[PDB]
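Chemist:
Protein chains: 2
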Amino acid sequence: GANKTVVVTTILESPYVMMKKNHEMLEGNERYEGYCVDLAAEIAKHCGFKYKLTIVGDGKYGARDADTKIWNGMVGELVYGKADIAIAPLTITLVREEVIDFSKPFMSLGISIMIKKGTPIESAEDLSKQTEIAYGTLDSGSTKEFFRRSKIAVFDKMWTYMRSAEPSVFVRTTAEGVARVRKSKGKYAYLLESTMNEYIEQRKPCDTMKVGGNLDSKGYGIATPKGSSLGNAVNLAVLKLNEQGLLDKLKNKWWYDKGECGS
Amino acid sequence: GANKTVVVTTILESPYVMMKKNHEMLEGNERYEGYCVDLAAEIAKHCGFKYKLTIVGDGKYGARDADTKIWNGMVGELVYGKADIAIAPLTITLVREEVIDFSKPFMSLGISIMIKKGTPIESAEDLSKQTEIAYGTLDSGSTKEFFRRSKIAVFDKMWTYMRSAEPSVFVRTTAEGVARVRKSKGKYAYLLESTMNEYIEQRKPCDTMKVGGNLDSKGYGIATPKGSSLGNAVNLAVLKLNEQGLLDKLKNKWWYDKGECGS
Ligand SMILES: CN1Cc2c(n(C[C@H](N)C(=O)O)c(=O)[nH]c2=O)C1
Ligand SMILES: CN1Cc2c(n(C[C@H](N)C(=O)O)c(=O)[nH]c2=O)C1
Ligand SMILES: [Cl-]
Ligand SMILES: [Cl-]
Ligand SMILES: [Cl-]
Ligand SMILES: [Cl-]
Ligand SMILES: [Li+]
Ligand SMILES: [Li+]
Numbered sequence: 001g002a003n004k005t006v007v008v009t010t011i012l013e014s015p016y017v018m019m020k021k022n023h024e025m026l027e028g029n030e031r032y033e034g035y036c037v038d039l040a041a042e043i044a045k046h047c048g049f050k051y052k053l054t055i056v057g058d059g060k061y062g063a064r065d066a067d068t069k070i071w072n073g074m075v076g077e078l079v080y081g082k083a084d085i086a087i088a089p090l091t092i093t094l095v096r097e098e099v100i101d102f103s104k105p106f107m108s109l110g111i112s113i114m115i116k117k118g119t120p121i122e123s124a125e126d127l128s129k130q131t132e133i134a135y136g137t138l139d140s141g142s143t144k145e146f147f148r149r150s151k152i153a154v155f156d157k158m159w160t161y162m163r164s165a166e167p168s169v170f171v172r173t174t175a176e177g178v179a180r181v182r183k184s185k186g187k188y189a190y191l192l193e194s195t196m197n198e199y200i201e202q203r204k205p206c207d208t209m210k211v212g213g214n215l216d217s218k219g220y221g222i223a224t225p226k227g228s229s230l231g232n233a234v235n236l237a238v239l240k241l242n243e244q245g246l247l248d249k250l251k252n253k254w255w256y257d258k259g260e261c262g263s
Numbered sequence: 001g002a003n004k005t006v007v008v009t010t011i012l013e014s015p016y017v018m019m020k021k022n023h024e025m026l027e028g029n030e031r032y033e034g035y036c037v038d039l040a041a042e043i044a045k046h047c048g049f050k051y052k053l054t055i056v057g058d059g060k061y062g063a064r065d066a067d068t069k070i071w072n073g074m075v076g077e078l079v080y081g082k083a084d085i086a087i088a089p090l091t092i093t094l095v096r097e098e099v100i101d102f103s104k105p106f107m108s109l110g111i112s113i114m115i116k117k118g119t120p121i122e123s124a125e126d127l128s129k130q131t132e133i134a135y136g137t138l139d140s141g142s143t144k145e146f147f148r149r150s151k152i153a154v155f156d157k158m159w160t161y162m163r164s165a166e167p168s169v170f171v172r173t174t175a176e177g178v179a180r181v182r183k184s185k186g187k188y189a190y191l192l193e194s195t196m197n198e199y200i201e202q203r204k205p206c207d208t209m210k211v212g213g214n215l216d217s218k219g220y221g222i223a224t225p226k227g228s229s230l231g232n233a234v235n236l237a238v239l240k241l242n243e244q245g246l247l248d249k250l251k252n253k254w255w256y257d258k259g260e261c262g263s
């Protein structure tokens, strides 16, 4: 049959996808800006398709309910045929790979620690050995799941701490985690993807820091329904953009070129 | 039909694959040791296959001759059906991805600069602006091809330099490049994958250094013939090993645990 407009699912999160300040004046894909908006356009240009940016209905990345077996988030939108491609900071994981197709990574990263400047923490081991400085993750997504599923002693100890700590150490959004770091006088540290940590470190009021090595090493991938023909072309596009240096330029544009915390 | 032993192609290069010191006493897969030997065993264990380690006949990674259209190296062994899987420090590239299947990365890396300690170079830009300190790459493989194909001004200038420099700045093997750094009194710098640079930095006589940021960001993948059923299971195995922390442990074992240059 004839070509059809490709339905892209994504999620609103700076600096990946944001409504432009003047979005009310605009329409369609032009309402949005950010790293993933630019990446979507570069992929579509290379592959020769038209597309529509849509925002994932449930605000989630993708997990399977153990009782109902239903997939939520952007993964679910692909699994159930509601979108044709997901272009987002979506971590490549085994359980997701079993149900959807992923490109090779477009961005490499790991779980990391964000502190308020001056907090006496340098590593996950440091966090794990104490409770005065509380620490936690988002309440959904791959960072939380890393701790929940880990069999590594330090990370298992951290998960047991997080489930039992009071008040709750979990946050609903990145903005909430960052605000909690900023407002807690050194008594909250936030575990989050290194990408995001690096972005926030260059935002005013310039009071957060990434510390320590990353806890793991993984990647974000472009996702398509399992077996979709679009997958091959999108994957080749990711590889081409990487080989041309364009992914590095795009990260610099959205993270550093207009950083707010000096040179 | 019945299961058959899987033919693995790999290449002899420390610390990935080496003949054990006592190899003459041994037989079969047990003759070999190293990171990729251990990785092959972990993949086979997870997937439930028996396998035979073989060494790529032509000593190459994989490129296509522009005139004959023939693929060489480990890629060629897969393309032409001489091996079932390649388990090696084989870079995921667009042109290879078009002809073989790749797992998600098992190791992330980039092109990097190796200097003899004390050489006054900190970046690729520094190299590109001068000729007193000669610099080059292997004479085959993805590092050379990065420069040959680059449209980025600094790297294109470096390629033009490398093709025209005398005496030849290219080397046939990693060992030759390292020896040339070590013997050239600061007048040769070697461009090589960061993985390898990091390994050599922890080898006696402890006279080399990795300097500067990496020039690119890519990955090694396990490769199979295009469409081979083995690909899905191998890819899931890579993801599982990564998620369990085993790939990090394996790098530490072969790079750092017995490093020769201090703690
Ligand atoms: C906006 N980012 C920051 C962030 C994200 N995720 C989702 C994850 N990439 C997934 O795919 O589930 C996390 O799990 N931890 C984080 O710190 C998404
Ligand atoms: C043993 N390593 C070191 C090294 C290798 N390669 C081959 C490359 N991974 C490929 O797949 O062509 C390079 O191109 N540059 C290097 O410095 C393999
Ligand atoms: Cl349409
Ligand atoms: Cl917004
Ligand atoms: Cl057999
Ligand atoms: Cl050997
Ligand atoms: Li998949
Ligand atoms: Li491929």
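Residue numbers (the authors' numbering), protein chains in the order written: chain A, 1 to 263; chain A', 1 to 263. A prime marks a further copy of an entry chain.
Using N, Cα and C, we set each Cβ at its ideal position, and we do this for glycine too.
Please determine whether the Cβ atom of residue 200 of chain A lies at a distance below 8 Å from any heavy atom of ligand 7.
Modeler: Position 200 of the first sequence, counted from the start, is the residue given in the question as residue 200 of chain A. Checking the Cβ of residue 200 of chain A against ligand 7 gives no.
Chemist: Any residue with its C-beta under 5 Å from a non-hydrogen atom of ligand 7 counts. Can you list them all in chain order?
Modeler: Any residue whose Cβ sits closer than 5 Å to a heavy atom of ligand 7 makes the list: A:97, A:101.
Chemist: Please name the residue, chosen from A:51, A:13, A:73, that lies closest to residue 30 of chain A on a Cα-to-Cα basis.
Modeler: Looking up residue 30 of chain A in the first sequence gives position 30. Nearest C-alpha to residue 30 of chain A: A:51.
Chemist: Which value, in whole angstroms, describes the spacing of the CA atoms of residue 8 of chain A' and residue 178 of chain A'?
Modeler: Here residue 8 of chain A' refers to the residue found at position 8 of the second sequence. Here residue 178 of chain A' refers to the residue found at position 178 of the second sequence. One C-alpha to the other measures close to 28 Å.
Chemist: Kindly indicate which residue of A:193, A:217, A:242, A:162 has the alpha-carbon position closest to the one of residue 241 of chain A'.
Modeler: On the second sequence, residue 241 of chain A' is found 241 positions in, with the first residue counted as 1. Of A:193, A:217, A:242, A:162, the residue nearest in Cα terms is A:217.
Chemist: Are three or more beta carbon pairs between the stretch 29-44 of chain A and the stretch 118-128 of chain A nearer than 8 Å?
Modeler: Counting Cβ pairs under 8 Å, fewer than three are found: no touch.
Chemist: Report the option in A:14, A:136, A:154, A:128 whose CA atom is closest to the CA atom of residue 311 of chain A.
Modeler: Examination of residue 311 of chain A is not possible in this model, given that chain A is present from 1 through 263 alone.
Chemist: Identify each residue in the stretch 87-98 of chain A for which the Cβ-Cβ distance to at least one residue of chain A' is less than 8 Å, and report them in chain order.
Modeler: Against chain A' - using a Cβ distance shorter than 8 Å - the residues of the stretch 87-98 of chain A are 92, 93, 94, 97, 98.
Chemist: Short check: CB of residue 56 of chain A to CB of residue 33 of chain A, under 9 Å?
Modeler: Taking the first residue of the first sequence as 1, we reach residue 56 of chain A at position 56. Taking the first residue of the first sequence as 1, we reach residue 33 of chain A at position 33. No, the pair does not count as a contact, with Cβ atoms beyond the cut-off.
Chemist: Taking 8 Å as the cut-off, is the C-beta of residue 74 of chain A' nearer than that to any heavy atom in ligand 6?
Modeler: Taking the second sequence and counting its residues from 1, the one referred to as residue 74 of chain A' is at position 74. No - ligand 6 has no heavy atom lying nearer than 8 Å to the Cβ of residue 74 of chain A'.
Chemist: Listing by chain order, which chain A residues have their CB less than 9 Å from the CB of residue 252 of chain A'?
Modeler: As a first step, residue 252 of chain A' is located in the second sequence; it is residue number 252 there, counting from the start. Within 9 Å Cβ-Cβ: nothing; residue 252 of chain A' doesn't reach chain A, min ~12 Å.
Chemist: For residue 228 of chain A' and residue 78 of chain A', what's the separation of their Cα atoms in angstroms?
Modeler: Taking the first residue of the second sequence as 1, we reach residue 228 of chain A' at position 228. Taking the first residue of the second sequence as 1, we reach residue 78 of chain A' at position 78. Their Cα atoms are separated by approximately 10 Å.
Chemist: For the alpha helix (DSSP H) that residue 158 of chain A lies in, which residues bound it at each end?
Modeler: As a working mapping, residue 158 of chain A is identified with position 158 in the first sequence. Taken as a continuous stretch (DSSP letters only), the alpha helix (DSSP H) holding residue 158 of chain A covers 153-164.
Chemist: First and last residue of the beta strand (DSSP E) that includes residue 260 of chain A'?
Modeler: The residue you call residue 260 of chain A' lines up with position 260 of the second sequence. It is not in any beta strand (DSSP E) - residue 260 of chain A' carries neither H nor E in the DSSP assignment.
Chemist: With 7 Å as the limit, tell me which residues of the stretch 158-186 of chain A have their beta carbon closer than that to any beta carbon of chain A'; keep them in chain order.
Modeler: Flagged: no residues at all.
Chemist: Quick one: residues in its chain with C-beta nearer than 7 Å to the C-beta of residue 54 of chain A', no 5 flanking neighbours on either side, listed in chain order?
Modeler: Your numbering for residue 54 of chain A' matches position 54 in the second sequence. Hits under 7 Å: 7, 8, 9, 83.
Chemist: Does residue 243 of chain A come within less than 9 Å of chain A' when only Cβ atoms are used?
Modeler: For the purposes of this step, residue 243 of chain A is taken as residue 243 along the first sequence, with counting starting at 1. Yes, because at least one Cβ of chain A' sits closer than 9 Å to the Cβ of residue 243 of chain A.
Chemist: How would you call residue 190 of chain A, buried or exposed, if buried means at least 16 neighbouring beta carbons within 10 angstroms?
Modeler: Counting from one through the first sequence, the residue named residue 190 of chain A turns up at place 190. That one is buried.
Chemist: Kindly provide the chain-ordered list of residues whose Cβ lies closer than 6 Å to any non-hydrogen atom of ligand 6.
Modeler: Going along the chain, the residues that qualify are A':12, A':18, A':19.
Chemist: Evaluate the contact criterion for the stretch 86-103 of chain A versus the stretch 132-140 of chain A: three or more CB pairs, one atom per stretch, below 8 Å.
Modeler: Contact fails: fewer than three Cβ-Cβ distances are below 8 Å.
Chemist: Kindly list, in the order they appear in chain A, the residues whose Cβ is closer than 8 Å to that of residue 235 of chain A'.
Modeler: Taking the first residue of the second sequence as position 1, residue 235 of chain A' is located at position 235. Chain A residues near residue 235 of chain A': 97.
Chemist: For the stretch 133-147 of chain A' against the stretch 242-262 of chain A', are there 3 or more C-beta pairs whose distance is under 8 Å?
Modeler: The stretch 133-147 of chain A' vs the stretch 242-262 of chain A': no contact.
Chemist: For the beta strand (DSSP E) that residue 224 of chain A' lies in, which residues bound it at each end?
Modeler: Within the second sequence, the letter at position 224 stands for residue 224 of chain A'. Looking at the DSSP string, the run of the beta strand (DSSP E) that includes residue 224 of chain A' is 223-225.
Chemist: Take residue 74 of chain A' and list the residues in its own chain whose beta-carbon comes closer than 8 Å to its own, dropping the five residues that flank it on each side.
Modeler: Within the second sequence, numbered from 1, the residue matching residue 74 of chain A' stands at position 74. Here the set comprises 9, 10, 11, 56, 60, 61, 62, 83, 86, 88, 90, 223.
Chemist: Check whether the Cβ of residue 144 of chain A sits closer than 8 Å to any heavy atom of ligand 1, and report yes or no.
Modeler: What you label residue 144 of chain A is simply residue 144 of the first sequence in a count that begins at 1. The answer is yes for residue 144 of chain A.
Chemist: Given the structure, does residue 99 of chain A' come close to ligand 8, in the sense that its CB is under 8 Å from one of the ligand's heavy atoms?
Modeler: On the second sequence, position 99 is the one that residue 99 of chain A' refers to. Yes, the beta carbon of residue 99 of chain A' sits closer than 8 Å to at least one heavy atom of ligand 8.
Chemist: According to DSSP, simplified to helix, strand and coil, what is residue 41 of chain A?
Modeler: Numbered from its first residue, the first sequence carries residue 41 of chain A at position 41. Helix.
Chemist: Classify residue 233 of chain A' as helix, strand or coil using the three-state DSSP reduction.
Modeler: As a first step, residue 233 of chain A' must be located in the second sequence, where it is residue number 233. Correct three-state label for residue 233 of chain A': helix.
Chemist: According to a CB-to-CB cut-off of less than 8 Å, which residues of the stretch 102-134 of chain A neighbour chain A'?
Modeler: Hits within the stretch, in order: 102, 104, 105, 108.
Chemist: Rounded to whole angstroms, what is the Cα-Cα separation between residue 176 of chain A and residue 161 of chain A?
Modeler: Reading the first sequence from its first residue, position 176 is the one you call residue 176 of chain A. Reading the first sequence from its first residue, position 161 is the one you call residue 161 of chain A. Spanning the two alpha carbons is a distance of roughly 20 Å.
Chemist: CB-CB under 7 Å to residue 96 of chain A', same chain, minus the five flanking residues each way: which ones, in chain order?
Modeler: Sequence index remark: in the second sequence, residue 96 of chain A' carries index 96 (1-based). 62, 75.
Chemist: Which of the three DSSP states is assigned to residue 128 of chain A' in this structure?
Modeler: Mapped onto the second sequence, residue 128 of chain A' falls at position 128. Here residue 128 of chain A' sits in helix by DSSP.
Chemist: For a test of the three-state rule: what should DSSP assign to residue 204 of chain A', helix, strand or coil?
Modeler: Taking the second sequence and counting its residues from 1, one reaches residue 204 of chain A' at position 204. Here residue 204 of chain A' sits in coil by DSSP.
Chemist: Closest to residue 196 of chain A' by CA distance: which of A':22, A':111, A':49 is it?
Modeler: Your numbering for residue 196 of chain A' matches position 196 in the second sequence. Checked all of A':22, A':111, A':49; the closest Cα to residue 196 of chain A' is A':111.
Chemist: Can you tell me whether residue 226 of chain A' sits near ligand 8, meaning its C-beta is under 8 Å from at least one heavy atom of the ligand?
Modeler: Position 226 of the second sequence holds residue 226 of chain A'. Checking every heavy atom of ligand 8 against the Cβ of residue 226 of chain A', one is found closer than 8 Å.
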